[PDB]
Peer 1: 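Take a look at the following structure, please.
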Amino acid sequence: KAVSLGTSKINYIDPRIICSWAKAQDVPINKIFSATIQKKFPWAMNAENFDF
Amino acid sequence: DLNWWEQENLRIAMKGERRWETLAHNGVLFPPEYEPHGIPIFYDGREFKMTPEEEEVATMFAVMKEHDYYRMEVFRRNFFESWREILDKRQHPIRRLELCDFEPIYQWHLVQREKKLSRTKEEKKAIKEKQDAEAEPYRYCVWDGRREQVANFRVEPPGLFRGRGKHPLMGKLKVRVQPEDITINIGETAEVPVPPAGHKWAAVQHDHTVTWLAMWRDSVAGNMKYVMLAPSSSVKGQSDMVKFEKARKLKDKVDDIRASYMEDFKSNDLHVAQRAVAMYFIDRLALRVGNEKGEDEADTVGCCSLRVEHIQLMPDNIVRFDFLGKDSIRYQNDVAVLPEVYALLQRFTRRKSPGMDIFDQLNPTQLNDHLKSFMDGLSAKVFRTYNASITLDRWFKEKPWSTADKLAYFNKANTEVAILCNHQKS
DNA sequence: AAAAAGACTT
DNA sequence: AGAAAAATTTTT
DNA sequence: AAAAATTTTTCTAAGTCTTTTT
């Protein structure tokens, strides 16, 4: 059995944490969230200097 | 005409409150009726013919020949009991699974799988095109005037129950859902989905306090199943944000909760002291709360249901945890605990046999009620959301390259979150 | 109070 | 929640 | 072009937790 990274990203991590860091380090969203999980989190996409 | 998260001062409705004003949808997509192949089996060497109903259930098992389930005794036993309930309606010689030879059906299945694999690219497009036509009236609903995707509109087909871990009902038949099994939830003024010709719905209701479009009761254990909206829908999104907003509100209440349970460590009330260690575990280790399970379920535990056998007290204030949790995923961890918690754990286990509960005077209800005293809506699952999110935040903030190198850095911060949560893939 | 139903997340 | 199917990309 | 590996999506089981019933 291996460590599974999907469950935490899908259910557990505030997606605004991921989106903030990805815009502040100029990493494209598409290399972290697939098309489907981007459509899950549209309220988080705009990713502004976010402090959880 | 804004989106709902650019809205100024919107009130997001909570569970059990009024959730919608209007709801329109087309109901559910039923799998195709069973098509018999008329292939016999052989029982004790003699050919045996089956009704379509017997044959369908025989085929379910036969087809699973290369799967680990097929060789498990509990699975085989539960299948055979299910199959015999059907067979026993008429006269037949079937008495022992060992004497049943499913090979003609298995071989039929291998021929059908080969025929499916060896269709042309144009043949597999005219098949994908015909099915997506069929699903199209069901993929969407209209919730308060907005079009939303529906997630699980395809009714579960019948099958042999695939229980995780050591599930006592693995192999049991999950029967075909009929229209008569399904309750439709829709708006009072909406067009009601038409049941298949000759059938009716269980009931049609108009409950504005729920978010589901249809419901049936599953035959394995009587578990209620629901057709609900896709995660892209606004009802899912809004409850999803509200969820993360409570984890953030916990962040600010956390210190006060810890000072509270650390005072409870010294309690002479046994419930209170147990409650304290449980909330210590849920806080520091992000355990699930662990509700009691029935005799017809796999034996798995979370916090409140840990037994003496699940912990081992080691030399230097170290607790070794070893237990199956949700999904029968093993949790293995050596944890250095507060000396006051380690001593309490010695008290909680001293003369007890391995199968006895550690927190015998604590249930999830008592724990979650106590938590409401610190913050509205606070419950044990919230610490898990809090722990996962705060772990990523902290890592970004105290451990700050190529676009690919910065991703490996992400993967590693994600991996730390997944380890804490004990998320595993085989 | 305790157990079951019920609806929602993971 | 993880398993499995299905889709897509990488290797050959 | 095929095969292999890898990621993504679909599927439904398995939890949590509040409300309702006894």
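Letters A, B, ... are given to chains in the order of the sequence lines, protein chains preceding strands, and every chain is numbered from 1. Computed from heavy atoms alone, side chains included, the values below leave out hydrogens, waters and symmetry copies.
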Peer 1: Rounding to an integer number of Å, can you tell me how far B:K326 NZ sits from D:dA1 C1'?
Peer 2: 4 Å

Peer 1: Separation of B:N368 atom CG from E:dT19 atom P, in whole Å?
Peer 2: 12 Å

Peer 1: So, OP1 or OP2 of E:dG15: does either fall under 4.0 Å of a side-chain N or O from B:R164?
Peer 2: no

Peer 1: Side chains of B:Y226 and B:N152: any donor to acceptor distance under 3.5 Å?
Peer 2: no

Peer 1: B:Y70 and B:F61: aromatic ring centres closer than 6.0 Å?
Peer 2: yes

Peer 1: Looking at C:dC8, E:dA13, C:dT10, which one has an atom nearest to any side-chain atom of B:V210?
Peer 2: C:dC8

Peer 1: Choose from D:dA6, D:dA3, E:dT16 the nucleotide whose nearest atom is closest to any side-chain atom of B:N291.
Peer 2: E:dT16

Peer 1: Could one point to a donor on the side chain of B:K381 or the base of C:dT9 with an acceptor on the other under 3.5 Å away?
Peer 2: no

Peer 1: Remember a base hit wins even if backbone is also touched, and classify B:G159 as base, sugar-phosphate or nothing at under 4.0 Å, heavy atoms.
Peer 2: nothing

Peer 1: Out of D:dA6, D:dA1, E:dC17, which has the shortest distance to the side chain of B:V289?
Peer 2: E:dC17

Peer 1: Kindly point out which of D:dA1, C:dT9, C:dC8 is positioned nearest to the side chain of A:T7?
Peer 2: D:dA1

Peer 1: Could you give the distance from CG (B:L213) to CD1 (B:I182), rounded to the nearest 0.5 Å?
Peer 2: 12.0 Å

Peer 1: Mind calculating the distance between NE2 (B:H423) and P (D:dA3) to the nearest angstrom?
Peer 2: 12 Å

Peer 1: Looking only at the side chain of B:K243 (C-beta and beyond, no hydrogens), which of the listed nucleotides E:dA13, C:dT10, E:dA14 gets closest?
Peer 2: C:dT10

Peer 1: C:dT9, C:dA7, E:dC17: which one has an atom nearest the side-chain heavy atoms of B:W212?
Peer 2: C:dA7

Peer 1: Where the side chain of B:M228 is defined as all heavy atoms beyond and including C-beta, which of C:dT9, E:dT12, E:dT18 is the nearest nucleotide?
Peer 2: C:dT9

Peer 1: Measure OH/B:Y386 against P/C:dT9 and give the value in whole Å, please.
Peer 2: 24 Å

Peer 1: Which whole-number value in Å describes the distance from B:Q366 CD to E:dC17 P?
Peer 2: 14 Å

Peer 1: From CG of A:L5 over to P of D:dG2, roughly how many Å is that when rounded to an integer?
Peer 2: 11 Å

Peer 1: If only side-chain N and O atoms count, and only distance matters, is there a donor-acceptor pair under 3.5 Å linking B:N414 with A:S8?
Peer 2: yes

Peer 1: What is the distance, to the nearest angstrom, from the CZ atom on B:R288 to the P atom on E:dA14?
Peer 2: 13 Å

Peer 1: Is it the case that the side chains of B:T300 and B:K326 hold a donor-acceptor pair, with the cut-off being a distance below 3.5 Å and no angle test?
Peer 2: no

Peer 1: Quick one: B:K225 NZ to C:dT9 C1', roughly how many Å, whole number?
Peer 2: 15 Å

Peer 1: For B:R384, which contact category applies under a 4.0 Å heavy-atom criterion: base, sugar-phosphate, or nothing?
Peer 2: nothing

Peer 1: From the options C:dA7, E:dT12, E:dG15, select the nucleotide whose nearest atom is closest to the side chain of B:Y226.
Peer 2: C:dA7

Peer 1: Counting side-chain heavy atoms from CB outward, which of E:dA14, C:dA7, D:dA3 is closest to B:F161?
Peer 2: E:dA14

